[PDB]
Amino acid sequence: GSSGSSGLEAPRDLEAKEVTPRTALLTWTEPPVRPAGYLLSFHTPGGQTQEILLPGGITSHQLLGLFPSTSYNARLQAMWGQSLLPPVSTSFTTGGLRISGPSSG
Numbered sequence: 600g601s602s603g604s605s606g607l608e609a610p611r612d613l614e615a616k617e618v619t620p621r622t623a624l625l626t627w628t629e630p631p632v633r634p635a636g637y638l639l640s641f642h643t644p645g646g647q648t649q650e651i652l653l654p655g656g657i658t659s660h661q662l663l664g665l666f667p668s669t670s671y672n673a674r675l676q677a678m679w680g681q682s683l684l685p686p687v688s689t690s691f692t693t694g695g696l697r698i699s700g701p702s703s704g
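The sequence shown runs 600 to 704 under this note's numbering.
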């Protein structure tokens with residue numbers, strides 16, 4: 600039979616949280632079968648791409664080296680026995696370098 604799920608599952612509920620012009624946190628729901636590893640790749644709309652080898656065993660990753668008001672496209676792909684389940688691509692925009700009162704009292 601054609602390539603299907605075969606019981607295996609993929610990550611879901613992947614949404615951008617705590618989005619800032621300095622960093623961006625991405626949370627996702629890990630499957631019932633912890634994958635061998637995680638391959639997060641975030642590229643810019645018009646620039647280059649950067650791959651990151653995750654430790655394999657988390658729900659959210661803290662990205663660094665972002666741009667102010669720059670859209671990014673992250674992807675969550677887990678390594679499975681001679682298989683690469685379909686990852687999830689999500690778009691998120693960062694805020695703007697604008698600080699009014701950093702020292703809250």
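Where is the CB? At the ideal position from N, CA and C, for every residue including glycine.
Distance CB(residue i)-CB(residue j) smaller than 8 Å
| i | j | result |
| --- | --- | --- |
| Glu629 | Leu638 | no |
| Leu624 | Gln661 | yes |
| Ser670 | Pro644 | yes |
| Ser640 | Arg674 | yes |
| residue 706 | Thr626 | Nothing can be reported for residue 706: it is not among the residues displayed for the chain, which extend from 600 to 704. |
| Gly606 | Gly636 | no |
Distance between residue j and residue i (C-alpha atoms, nearest Å)
| i | j | result |
| --- | --- | --- |
| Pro701 | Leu665 | 20 Å |
| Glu608 | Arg633 | 10 Å |
| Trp679 | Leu652 | 14 Å |
| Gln647 | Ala615 | 21 Å |
| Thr692 | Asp612 | 18 Å |
| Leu684 | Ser602 | 10 Å |
| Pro686 | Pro610 | 7 Å |
| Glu617 | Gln681 | 35 Å |
| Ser604 | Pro631 | 14 Å |
Integer-rounded CB distance, given that residue j should sit under 8 Å from residue i
| i | j | result |
| --- | --- | --- |
| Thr622 | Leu663 | 6 Å |
> Which runs of the beta strand (DSSP E), 3 residues or longer, sit entirely within the stretch 680–704?
Replying inline: 687–692
> Which runs of the beta strand (DSSP E) fall wholly inside the stretch 653–680 and span at least 3 residues, in chain order?
Replying inline: 659–662 and 670–678
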